[PDB]
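S.K.: Line order of the protein sequences matches chains LE and NE. Each residue of the first sequence is one higher than the one before, counting from 2 in the deposited numbering. Each residue of the second sequence is one higher than the one before, counting from 298 in the deposited numbering. Every residue gets a Cβ at the ideal spot worked out from N, C-alpha and C, and that includes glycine. Sharing a structure here in structure tokens format.
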Amino acid sequence: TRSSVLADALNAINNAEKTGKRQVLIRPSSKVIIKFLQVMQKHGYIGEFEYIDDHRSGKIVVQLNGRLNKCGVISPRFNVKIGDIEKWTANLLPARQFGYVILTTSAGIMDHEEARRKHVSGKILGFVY
Amino acid sequence: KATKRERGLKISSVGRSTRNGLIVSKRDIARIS
RNA sequence: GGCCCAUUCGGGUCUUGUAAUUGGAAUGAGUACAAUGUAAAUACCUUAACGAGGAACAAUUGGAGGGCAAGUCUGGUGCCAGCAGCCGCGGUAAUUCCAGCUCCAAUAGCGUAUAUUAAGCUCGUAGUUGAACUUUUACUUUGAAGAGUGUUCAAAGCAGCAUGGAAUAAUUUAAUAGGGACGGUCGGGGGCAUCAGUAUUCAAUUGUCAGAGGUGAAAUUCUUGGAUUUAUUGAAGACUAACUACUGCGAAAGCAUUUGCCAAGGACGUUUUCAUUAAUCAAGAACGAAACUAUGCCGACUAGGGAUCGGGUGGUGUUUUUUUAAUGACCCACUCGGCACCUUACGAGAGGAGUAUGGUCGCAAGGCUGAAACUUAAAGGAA
Ligand SMILES: [Mg+2]
Ligand SMILES: [Mg+2]
Ligand SMILES: [Mg+2]
Ligand SMILES: [Mg+2]
Ligand SMILES: [Mg+2]
Ligand SMILES: [Mg+2]
Ligand SMILES: [Mg+2]
Ligand SMILES: [Mg+2]
Ligand SMILES: [Mg+2]
Ligand SMILES: [Mg+2]
Ligand SMILES: [Mg+2]
Ligand SMILES: [Mg+2]
Ligand SMILES: [Mg+2]
Ligand SMILES: [Mg+2]
């Protein structure tokens, strides 16, 4: 049984980080993967990442700075209420303030804290810490 | 050789982890919400 | 003298002990002149008088230990050990006894029992999962136990609809996904014919004559009507030695001579084609005497090394050879895909061995046989 492209990319990043590789090549690409990597980059869990256009799905290469413990995609993409967010965090993450749950809400994909700031909610995409 | 590898520390409890990704049961979803 | 710790020896510390005598004060349970309470009455609250040293105005439940006889019992290797002791010589108004034996815990509550919690292989149907890209609904946001108290304390009592929403799920690329095509190939893949080989058995002739096969010895078997053996030849079935490899092919079981036919298959090469046609799959479908010393952590997983098989690209100079056609072998580098070997970075991957048995069930001893109701023959056994 094959896996979703986002899941494969995240597994590749996890393995490359844990093996000590400084850069990982992800194929295929997607808008979702790019938004996910944008969030991680903003919080510093990776370095620069570069997108190669191949006239196919396309490819990405991600430089790793070693600050990434783990990433994962969560399914089924169950909905979460805004007030509910806190509870879910406390379950999916190691501690209260460590890590960021990533949510697909009406305003796009973003970590849970920005979702609180904008008072928006939706389905959950995955977790990073 | 005999000693089992050190398996690290458990960091989540919600659901089972798979190659596709972490999976949450419907029963679990209701309990949290 | 008391107490605390310490397996061990001992160590530590100081106002303690009485199983001694004694004083005056306070008060409730009660018992009540009453009054209040109430339909009447009980209860409650209040209150004259009586109501405390064994304060006999006599709470319990449970556990841990001692010790005693002209006592009783059991096992011994004197004088012991074990169980245990309301029972002793006399005595019941007789006795005055261990401190009336000591200690610990809960306390108007406290024990006990039970339960209870901490074959194989491929295909393949449901189900599950699965490349990228440019109106409406689901979904999501917004709006419609605690406060006080003085019951004397306390337990108590007491004043679907509207609406904003950009993502997510419904309402052209030609994936180092899949399929087909084309080229030279590769293979002990499959089916039908076909060819060859030495061997085994039988048979035909044929030289010689007494043994020949087999076991550790035999037995059995063949044999002067000639075995075995020697030469030539024919036939039957089976099989494919050496080459034979931690090699090749097939989904697995399996496949080893040549030649032809039949379709089939893998990988490689492609600047050829469809365009998501896919993955995993219970059900279902196809095929399909023996074991007897073994063994490897597992995975979604990194970088490798030697060797090897099939294909392709380039280099290079030796084998090769020349206008008949074909046109390779070896060396080196790179690459794809295979069978294995040797290393490596990463990962929540969620009873054995014995012992004892006053029990229950089985099995068992002996005295010479004959030979006993018979002191009994022969022949044996023993000596
Ligand atoms: Mg006194
Ligand atoms: Mg299968
Ligand atoms: Mg199906
Ligand atoms: Mg293609
Ligand atoms: Mg094909
Ligand atoms: Mg072909
Ligand atoms: Mg062939
Ligand atoms: Mg053939
Ligand atoms: Mg033959
Ligand atoms: Mg041969
Ligand atoms: Mg054959
Ligand atoms: Mg071969
Ligand atoms: Mg290779
Ligand atoms: Mg094979």
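Ignoring anything shorter than 4 residues, give me the alpha helix (DSSP H) runs that lie fully in the segment 13 to 90 of chain LE, in order along the chain.
M.R.: If we require 4 residues or more, the alpha helix (DSSP H) runs fully inside the segment 13 to 90 of chain LE come out as 32 to 44.
S.K.: Taking only beta carbons into account, state which residues of the segment 57 to 82 of chain LE come closer than 9 Å to chain NE, listed in chain order.
M.R.: Residues passing the 9 Å Cβ filter: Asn70, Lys71, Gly73, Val74, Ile75, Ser76, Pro77, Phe79, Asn80, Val81 and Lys82.
S.K.: Taking the C-alpha atoms as reference points, what is the distance between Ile53/LE and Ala8/LE?
M.R.: Taking the first residue of the first sequence as position 1, residue 53/LE is located at position 52. Taking the first residue of the first sequence as position 1, residue 8/LE is located at position 7. If I take the Cα positions, the gap works out to 20 Å.
S.K.: Can you check whether the CB of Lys124/LE is closer than 8 Å to the CB of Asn92/LE?
M.R.: Numbered from 1 along the first sequence, position 91 holds the residue referred to as residue 92/LE. Numbered from 1 along the first sequence, position 123 holds the residue referred to as residue 124/LE. Going by C-beta atoms, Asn92/LE is not nearer than 8 Å to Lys124/LE.
S.K.: Which of the residues in the segment 15 to 47 of chain LE, read from start to end, lie with their CB under 7 Å from any CB of chain NE?
M.R.: Per Cβ criterion, the list is empty.
S.K.: Kindly indicate the opening and closing residues of the alpha helix (DSSP H) around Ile326/NE.
M.R.: Translated into the one-based positions of the second sequence, residue 326/NE becomes position 29. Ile326/NE -> alpha helix (DSSP H) spans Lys323 to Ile329.
S.K.: Quick one: what's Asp112/LE bridged to in DSSP?
M.R.: Position 111 of the first sequence, counted from the start, is the residue given in the question as residue 112/LE. Note: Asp112/LE sits in a beta bridge opposite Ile103/LE.
S.K.: Using 8 Å as the cut-off, can you tell me whether the segment 18 to 25 of chain LE makes contact with the segment 98 to 118 of chain LE, which would need three or more C-beta pairs spanning the two stretches below that distance?
M.R.: Contact between the segment 18 to 25 of chain LE and the segment 98 to 118 of chain LE is absent, because fewer than three Cβ pairs lie under 8 Å.
S.K.: Can you give me the start and stop residues for the beta strand (DSSP E) that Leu126/LE sits inside?
M.R.: Residue mapping note: residue 126/LE aligns to position 125 of the first sequence, counting from 1. That run of the beta strand (DSSP E) goes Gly123 to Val129.
S.K.: Return yes when the Cβ of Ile34/LE is within less than 8 Å of the Cβ of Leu69/LE, no when it is not.
M.R.: Position 68 of the first sequence, counted from the first residue, corresponds to residue 69/LE. Position 33 of the first sequence, counted from the first residue, corresponds to residue 34/LE. The answer is no: Cβ separation not under 8 Å.
S.K.: Identify each residue in the segment 88 to 114 of chain LE for which the Cβ-Cβ distance to at least one residue of chain NE is less than 8 Å, and report them in chain order.
M.R.: Listed by position along the chain: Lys88, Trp89, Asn92, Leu93, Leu94 and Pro95.
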